[PDB]
Amino acid sequence: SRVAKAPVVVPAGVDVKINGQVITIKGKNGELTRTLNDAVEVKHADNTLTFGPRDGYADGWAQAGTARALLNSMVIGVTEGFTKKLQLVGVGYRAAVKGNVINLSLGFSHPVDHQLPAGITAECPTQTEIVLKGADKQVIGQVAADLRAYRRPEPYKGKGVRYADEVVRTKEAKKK
Amino acid sequence: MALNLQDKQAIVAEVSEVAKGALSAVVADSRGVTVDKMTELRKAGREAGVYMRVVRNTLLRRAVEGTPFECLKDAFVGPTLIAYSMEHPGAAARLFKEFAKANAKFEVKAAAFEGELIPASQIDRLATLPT
Amino acid sequence: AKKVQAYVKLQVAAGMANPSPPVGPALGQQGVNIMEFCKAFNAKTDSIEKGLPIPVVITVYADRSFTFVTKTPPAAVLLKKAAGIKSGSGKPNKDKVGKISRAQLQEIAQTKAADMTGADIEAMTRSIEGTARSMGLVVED
Amino acid sequence: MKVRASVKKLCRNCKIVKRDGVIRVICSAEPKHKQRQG
Amino acid sequence: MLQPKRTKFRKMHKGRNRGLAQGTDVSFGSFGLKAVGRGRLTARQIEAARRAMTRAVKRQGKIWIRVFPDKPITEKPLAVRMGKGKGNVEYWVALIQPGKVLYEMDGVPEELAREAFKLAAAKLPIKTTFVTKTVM
Amino acid sequence: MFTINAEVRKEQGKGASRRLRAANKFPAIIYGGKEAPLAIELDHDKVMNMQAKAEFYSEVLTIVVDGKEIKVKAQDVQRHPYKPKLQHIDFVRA
RNA sequence: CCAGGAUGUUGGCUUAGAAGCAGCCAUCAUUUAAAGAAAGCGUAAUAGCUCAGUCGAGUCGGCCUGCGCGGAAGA
Ligand SMILES: [Zn+2]
């Protein structure tokens, strides 16, 4: 509702194509094409994109609010781009990237080879740190979650893949 | 929470009555400052530790409006802090000027010396006035 | 005047120069030495009088020693040799216990020249008279 | 998590969210406050 | 528990609980727990309900019990043929009509009132509502 | 002080009284002085909030019926068996 | 959301030590737009978290009531 009341601005070069309920945001980096719900009514005017409900639906604004943030991130991805840094804490935990595949050695008796989706590239400035980059915030967040499941840091030392913006709390090992 | 109507009428009514007798009222930006600095600025102006107070552009707008004053809205943009003088020569502009020790001036948006409006390029003129 | 940067405060009195049983290695485990608490500490402490629990900031950077500036001690340490008894309250409020007064703690909390807010010798003066009565003591002001 | 017909907001960080049709209690300060079947 | 220290009779018929209640207003304290549903309160339910509120208030204020069992209940054990005389009294209950001021409290804040009766109402079989002393 | 709009009833009996409680209304009666009793039907909600104040049972009331302000006073009130509602209130001309 | 969230004072007694955050009490004052001698976690005592000017119009939650929800697992 309120969020939908805040029109989103699109930088220069950001080509926006609307086809009924489809939104194609192609800019400097990558191109995203998301399909809105059906109760949302996007209006391309001037150099911004407004959002509003549609007569005949209950939630109405409940959908316009999301579509406001959705296309919003779509523009941010095709302009500045999103990034997620996941560092590997622990002994023997290393990381390597050979092309579009990421090899991880989380103590496993066999190096894991995660496969990157559509447009998701990442390197490693350190043997224990990965930097994911993409144009889709939803995707870059899922890929970071996959590598986050391979080894969830325990509340004792935090050993395992974590997030650069995540705080892991630890605890003692009980007495006796 | 919030402040009841009757409780807000007084707040603005007070800041207005003190503005009618204030010989001066300089406005400036005080963001990123600490308490130790604020106190130091208060100790410099008056040993009573009371000087330089932060107020909203609204509380000041309707306060400067409740009193015959004009052309000051430009001095009320975003973070605003007022510094008036109800007694003694309003030449205490040198104190704050030297306190900010800034080679610029922008911070000290404007002021009103003796009912006379003054821009930001005049904050130094008064801060360099001889005894 | 800036931000957080080490500044503990644990002492028992001004007499005990760098004690051990009370605290000891507790006053220096991050950047303070459990020995130099007599050089820079008693740098002027023995030049006045040792008998009032006086705390102090730490302030440590990375230059070995520290530049801690001692200041005015608690206003309670004046409630054992400046207000009256040193202890023994018997019963909390079931009895008025003891009792201070106006003249008492008057020129005792005035010596403070490195603390207190507001120079108004009437608002910052009575500010050191609340606790003196908060312990069940009566007010003879 | 502790599942039981009754579900409430223990701490102030509690939140009563409905998923698929089941009341749940999400927490971000105490994993013990995690509930289900409300 | 609460039960008549003496009764002119040991047993009593069924006795239906019809009509409304009498004690609807508080005439002893400033607050109190009022009944809404229909049923009967046993000596255990009443006693247990008292401990709850009495405990939620530490040892301050005062509580009153407008209700009282004063009604014996007979029941026959297992492996017993029907008849052979009326059963034996096992416990005493109290008929509670919609609007019966169950308990009352005074000497404590209004907030602590609801909380107290809240932990006591959960002990009661029937529903209840919080009421406050009214003038006239 | 407390103005309470009223309207003379057209039928008495528990039957009519009940039909009133099923429309946010309740029966009433104003007796006292040399005047004869008068059936009155006050609004539930309205009076439901007016009685919430202790000044409603202390200070004098002013009922306006058929263009007439009769200064009365709360004599007695009958509350709902268990719900926070009203059944009937007696007023006295004073 | 980005903010601030201070000071007397580590309040007095108790204690190995308790400083808002064992526990007895007490609960005034202060500079203010506002900050409780202090909500929860956390410390051996501290520390560290943290709750109670901008943006620009809607927000907060008890009560009466309708319709629903979970509560609801058998061969
Ligand atoms: Zn929780």
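These residue numbers are counts, starting from 1, taken along the chain as shown.
Every residue gets a Cβ built from N, Cα and C, even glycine.
These features come from Swiss-Prot:
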{"type": "MOD_RES", "residues": "C:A1", "note": "N,N,N-trimethylalanine"}
{"type": "MOD_RES", "residues": "C:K3", "note": "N6,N6,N6-trimethyllysine"}
{"type": "MOD_RES", "residues": "C:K39", "note": "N6,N6,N6-trimethyllysine"}
{"type": "MOD_RES", "residues": "C:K71", "note": "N6-succinyllysine"}
{"type": "MOD_RES", "residues": "C:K80", "note": "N6-succinyllysine"}
Between C:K80 (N6-succinyllysine) and C:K39 (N6,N6,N6-trimethyllysine), the C-alpha gap once rounded to whole angstrom: 28
Using Cβ atoms and a cut-off of under 8 Å, determine which of the modified residues C:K39, C:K71, C:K80 neighbour chain B, and list them by sequence position, or give 'none'. none
Express the distance between the Cα positions of C:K3 (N6,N6,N6-trimethyllysine) and C:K39 (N6,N6,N6-trimethyllysine) as a whole number of Å. 27
Rounded to the nearest Å - Cα separation of C:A1 (N,N,N-trimethylalanine) and C:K39 (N6,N6,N6-trimethyllysine): 26
Determine the most Cβ-crowded residue among the modified residues C:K3, C:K39, C:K80, using a 10 Å radius around each Cβ and all protein chains in the structure. C:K80
All chains considered, the count of other Cβ atoms within 10 Å of the Cβ of C:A1 (N,N,N-trimethylalanine) is 8
Measure the Cβ-based neighbour count of C:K71 (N6-succinyllysine), defined as the other Cβ atoms within 10 Å of its Cβ. 13
What Cα-Cα separation, expressed in whole Å, is found between C:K71 (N6-succinyllysine) and C:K39 (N6,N6,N6-trimethyllysine)? 17
